[PDB]
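Participant: Pasting a structure here, questions to come.
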Amino acid sequence: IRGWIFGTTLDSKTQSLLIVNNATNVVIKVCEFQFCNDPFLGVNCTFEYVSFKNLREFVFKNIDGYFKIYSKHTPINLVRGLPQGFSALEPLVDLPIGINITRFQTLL
Amino acid sequence: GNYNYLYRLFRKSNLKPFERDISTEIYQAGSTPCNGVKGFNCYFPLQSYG
Ligand SMILES: *[C@@H]1O[C@H](CO)[C@@H](O)[C@H](O)[C@H]1NC(C)=O
Ligand SMILES: *[C@@H]1O[C@H](CO)[C@@H](O)[C@H](O)[C@H]1NC(C)=O
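Just so you know, the sequences run in chain order A and C. For the first sequence, the residue numbers in PDB author numbering are 101 to 143, 165 to 172, 186 to 242. Position in the second sequence (first residue = 1) + 446 = PDB author numbering.
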């Protein structure tokens, strides 16, 4: 898993947000995009930003035109599903994206 | 008149706080689907102060 897309129509006549994770970099972008019918990662611009054995956890929420990201990392044993235990996610970013959101999709 | 400056006079629903929306689809003002053409109850949602 290496990115996400969020929006109302997700492409075409409305704005949407893209996130991509790129080995050492991260890229975040907003546009009236026209992505693929079946998106991929491997071998306009009205906002832009740049920077089993493990479980990565995230929360995405949109409030007052800001988009808030929280995250956590942990090692794990359980192969089947989310492990019984406890840790709390901590804030990464609070982005002034302004768009409306209704749908999302994972990139992998 | 200067027409570089525009305001939206019609929308489907009110903005959420700090919501931004640049979309330019034809506003359907009534019963009939507009399919991206102007007409009776089918309007461009932007206007200018001029
Ligand atoms: C992806 O990361 C590589 C390695 O840092 C970098 O060369 C490349 O420019 C990044 N992609 C973008 C869109 O900048
Ligand atoms: C946000 O987008 C959805 C899907 O198009 C729409 O139903 C809703 O009315 C929009 N919300 C606002 C506050 O405009």
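The beta-carbon is built from N, C-alpha and C at its ideal position, and this holds for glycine as well.
1. Candidates C:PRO479, C:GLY476, C:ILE472: which alpha carbon is nearest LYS113 of chain A's?
2. At a threshold of 7 Å, does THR124 of chain A count as lining ligand 1 (C-beta to nearest heavy atom)?
3. What does the alpha-carbon distance come out to for the pair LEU452 of chain C and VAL126 of chain A?
4. Quick one: what does DSSP say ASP228 of chain A is sitting in, helix, strand or coil?
5. Compare the beta carbon distance of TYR200 of chain A and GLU224 of chain A with 8 Å and say whether it is the shorter of the two.
6. The beta strand (DSSP E) spanning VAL126 of chain A covers which residue range?
7. Using a Cβ-Cβ cut-off of 8 Å, state whether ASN211 of chain A counts as contacting chain C.
8. Take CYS480 of chain C and list the residues in its own chain whose beta-carbon comes closer than 7 Å to its own, dropping the five residues that flank it on each side.
9. Can you pull the chain A neighbours of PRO479 of chain C, defined as C-beta to C-beta under 8 Å?
10. Measuring CB atoms only, is the segment 217-237 of chain A touching the segment 457-468 of chain C, in the sense that at least three cross pairs come out at less than 8 Å?
11. Taking only the alpha-carbon atoms, compute the straight-line gap between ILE210 of chain A and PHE490 of chain C and give it to the nearest angstrom.
12. Answer yes or no: the CB of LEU110 of chain A versus the heavy atoms of ligand 2, is any distance below 7 Å?
13. Using a C-beta to C-beta distance shorter than 9 Å, which residues of chain C count as neighbours of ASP198 of chain A?
14. In chain A, which residues lie less than 8 Å from residue 576 of chain C when you measure between Cβ atoms?
15. Would you give the residue range spanned by the beta strand (DSSP E) that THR208 of chain A belongs to?
16. Would you please state the rounded distance, in angstroms, between the beta carbons of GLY103 of chain A and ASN121 of chain A? I believe it to be under 8 Å.
Facilitator: With the structure as the only source:
1. C:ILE472
2. yes
3. 35 Å
4. strand
5. no
6. 125-131
7. no
8. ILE472, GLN474, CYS488
9. Simply none; closest approach about 15 Å.
10. yes
11. 55 Å
12. no
13. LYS462, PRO463, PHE464, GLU465
14. With chain C covering 447 to 496 only, the question about residue 576 of chain C has no answer from this structure.
15. 200-209
16. 6 Å
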